[PDB]
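Report on the structure given below.
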Amino acid sequence: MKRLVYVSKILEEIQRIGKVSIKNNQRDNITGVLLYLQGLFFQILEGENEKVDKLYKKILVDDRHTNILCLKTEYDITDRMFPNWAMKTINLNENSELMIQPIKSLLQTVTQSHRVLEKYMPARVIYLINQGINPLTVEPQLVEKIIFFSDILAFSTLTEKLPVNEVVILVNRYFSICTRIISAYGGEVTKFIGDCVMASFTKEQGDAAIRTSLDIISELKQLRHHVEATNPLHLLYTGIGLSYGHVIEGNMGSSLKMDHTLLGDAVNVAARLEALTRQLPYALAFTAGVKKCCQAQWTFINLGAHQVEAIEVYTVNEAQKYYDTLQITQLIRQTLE
Amino acid sequence: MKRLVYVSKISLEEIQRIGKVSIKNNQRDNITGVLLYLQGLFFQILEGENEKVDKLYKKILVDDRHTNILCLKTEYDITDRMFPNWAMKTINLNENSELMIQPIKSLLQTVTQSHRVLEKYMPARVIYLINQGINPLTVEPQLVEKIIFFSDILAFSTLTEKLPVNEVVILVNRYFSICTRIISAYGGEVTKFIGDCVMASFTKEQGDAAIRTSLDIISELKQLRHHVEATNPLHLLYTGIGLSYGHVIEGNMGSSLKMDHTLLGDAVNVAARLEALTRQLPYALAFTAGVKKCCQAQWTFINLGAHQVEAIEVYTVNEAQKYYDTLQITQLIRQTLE
Ligand SMILES: Cc1cc2nc3c(=O)[nH]c(=O)nc-3n(C[C@H](O)[C@H](O)[C@H](O)COP(=O)(O)O)c2cc1C
């Protein structure tokens, strides 16, 4: 016996939604409550985990509501909380009971506020919250991750020369492209550090980490020729570093400020392979360890030993640079002056 | 007139005296509102003419029986009042046995409980903004002059290699706890943690603050080391600190998918590098000419010559001298860990 609680973003159709959920939840044996307030849903679903989930999956696929977040989960509950309500839909906008108006006010406010904060949250925290887990309570673990670093090439020159607002548009589009792909491929972005994107994949995701990289590179290449030469995006290039090692993962800091962080040498090895791509005919570089997390039959190029005790460095064929790198930063420089 | 809304964490019978005196001090100041108590948390709405409910809001910020106050919403120049008949209506939901409101009491308690956890992950700047009533996601980034602060643990990769996981965590949490406390005490903002590094910034008028922050960090780690026993890893906790001063863009960046608050500019790289430099120097603080120009206090500045990172003149203050040498600390750190 389990129970989840989620919030999402969305009159007669609502009634239809409700009638159908009572009959199926009556069949499935799970009971719950559903609340609607000013474009916001809340829903609790409790029972045998079997189709708590399967019901949930159907809810996720449905097109009406959107931006679904599972706020909490609970396993092994001695009791149910709503034992006789297959689904009790509560439209709260027309409940104008006086001593209830204050609570609707607070619920709306903290919720909308909540949904803003959700945008700043590291994706591993948001994940933990789905699984019903207090990220403040999880003990950090030591895990073998693939670590991903990428930044924008010659970013000090674009900053030196573009107006501030062009610089934002450029970074924003870089982070947008980087996040979507990394996320699509199973990865998790840890944070932005300046222009740099940091992320990590599991050890079963070697192939996805290379594909991710290759997709970033490729998407920025397409953007460069889709825009006009007056567009700064025309100048956006990246380099990508990947390492593989053990890292303490988890939530750290104090009650005053927390962060989700990875600690370990491999983080720094990845940063410096990223920085090394500036001197190489490839925009992606990575270690023997990443090489071993891969199942696809890549064509691996030994780039040689680089110190950072020395570490052998590898890339794949598909990452060859069709350009000369330090020529580009001379390109960027001329262009912007 | 105005309307504001906040949560706080508490720090039965005196709950309702807060009721009593607000219910009595408020209306004479001509304000209305509601006070909700739920599981150690307070939510309040306070509505009146603008100058009066500000003076009340501040007498409340410093009121000693709650803490972790966040003002969520701030409405200006309201047309009417939400609770015109309530000088201040107190409501304690813990004791609303009625199951009928229990679904919405259960969803209010879940959400805010979540909210207060997400708060602890936010950039301090966006918590600042929410308290000022500005929506953080619609502030356009500005190019501003800041002092950039970086600090990190000395020989941390040797710690990570010889301590067990839980001990490293204890060590890192304590170091962040201290850093964040003092940076925030002095008016800086932590911008993020990166591995073991603390990254913060101060305004141009906070140069002495940025130095004193740095010396206070260093001083606290020094007391901790001798306060604890030799089997306690905190006994081996050291830091180095780098300060730069430069133009940086400070704004919300990312995509609807992920957003961050951050700073772009060379000053960031300059300060991280200066910090990496302190390992090579007799001093645990290092900073640039520009930082130094932001200081008004009469410090004894010490010039450590130029350093390529074009070259950078580097300064410290005498108070920052290490009573140790820095390569032994590395080998001492290593030997102690059997
Ligand atoms: C959660 C909470 C809400 C409060 N709300 C009010 C309020 O609405 N109005 C008010 O005058 N005081 C409020 N107070 C605190 C009192 O004003 C405080 O005791 C104050 O020192 C009394 O004012 P006085 O010293 O001028 O007599 C609140 C305190 C708490 C903890």
> When segment A:99-111 is examined, which residues are found to be facing chain B (nearest Cβ under 9 Å) and more than 30 Å from A:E48 (Cα to Cα)?
Replying inline: A:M99, A:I100, A:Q101, A:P102, A:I103, A:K104, A:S105, A:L106, A:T109, A:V110
> Among the listed residues B:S151, B:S157, which satisfies the condition of being facing chain A (nearest Cβ under 8 Å) and closer than 30 Å to B:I333 by Cβ?
Replying inline: B:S157
>> Just the residues that are among the aliphatic types (A, V, I, L, M) and within 12 Å of another protein chain (Cβ to nearest Cβ), please, taken from segment A:75-98.
In response: A:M81, A:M87, A:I90, A:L92, A:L98
> Within segment B:126-146, is there a residue that is in a strand (DSSP E or B) and buried (at least 22 other Cβ atoms within 10 Å of the Cβ)?
Replying inline: yes
> What about B:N68, is it closer than 20 Å to A:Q112 by Cα, more than 9 Å from the ligand (Cβ to nearest atom) and within 14 Å of chain A (Cβ to nearest Cβ)?
Replying inline: yes
> part of a helix (DSSP H, G or I), touching a strand residue (DSSP E or B) at 6+ places or on another chain (Cβ under 7 Å) and within 9 Å of the ligand (Cβ to nearest atom): does that describe B:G19?
Replying inline: yes
> Do we have A:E118 as within 9 Å of chain B (Cβ to nearest Cβ), among the acidic types (D, E) and not in a helix (DSSP H, G or I) here?
Replying inline: no
> Checking B:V7 against (1) β-branched (V, I, T); (2) more than 9 Å from the ligand (Cβ to nearest atom); (3) not in a strand (DSSP E or B), which test does it fail?
Replying inline: (3)
> Counting just the residues of segment B:86-126 that are of a type in the set (D, E) and over 26 Å from the mean Cα position of the chain (by Cα), which one comes out farthest from A:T89 (Cα to Cα)?
Replying inline: B:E95
> Take the residues of segment B:22-38 that are away from chain A (no Cβ under 14 Å) and either within 31 Å of the chain's Cα centre (by Cα) or part of a strand (DSSP E or B) (or both): which is farthest from the ligand (Cβ to nearest atom)?
Replying inline: B:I31
> From the list B:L41, B:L46, B:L56, which residue is near the ligand (Cβ under 10 Å from one of its atoms), within 16 Å of B:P84 (Cβ to Cβ) and under 32 Å from the mean Cα position of the chain (by Cα)?
Replying inline: B:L46
>> Out of the residues in segment B:71-87 meeting the condition of being within 15 Å of B:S8 (Cβ to Cβ) and of a type outside the set (K, R), tell me which one is farthest from the ligand (Cβ to nearest atom).
In response: B:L72
> Residues in segment A:55-66: is at least one surrounded by 13 or more Cβ atoms within 10 Å (Cβ to Cβ), assigned by CATH to the domain that holds A:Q131 and of a type in the set (K, R)?
Replying inline: no
> On the given criteria, is B:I10 among the hydrophobic types (A, V, I, L, M, F, W, C) and out of contact with any helix residue (DSSP H, G or I) (no Cβ under 7 Å at 6 or more places or on another chain)?
Replying inline: yes
>> If I ask for residues that are facing chain A (nearest Cβ under 9 Å) and over 18 Å from B:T262 (Cα atoms), which ones from segment B:121-134 would you list?
In response: none
> Taking segment B:77-115, which residues are in contact with a helix residue (DSSP H, G or I) (Cβ under 6 Å, 6 or more places away or on another chain) and in a strand (DSSP E or B)?
Replying inline: B:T90
> Does B:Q39 satisfy being within 30 Å of A:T89 (Cβ to Cβ) and assigned by CATH to the domain that holds B:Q113?
Replying inline: yes
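Numbers and lists here come from the model and the stated rules, or from a named source; no laboratory instrument gave them. We place every Cβ from the backbone using ideal geometry, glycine too, and count neighbours over all the protein chains shown.
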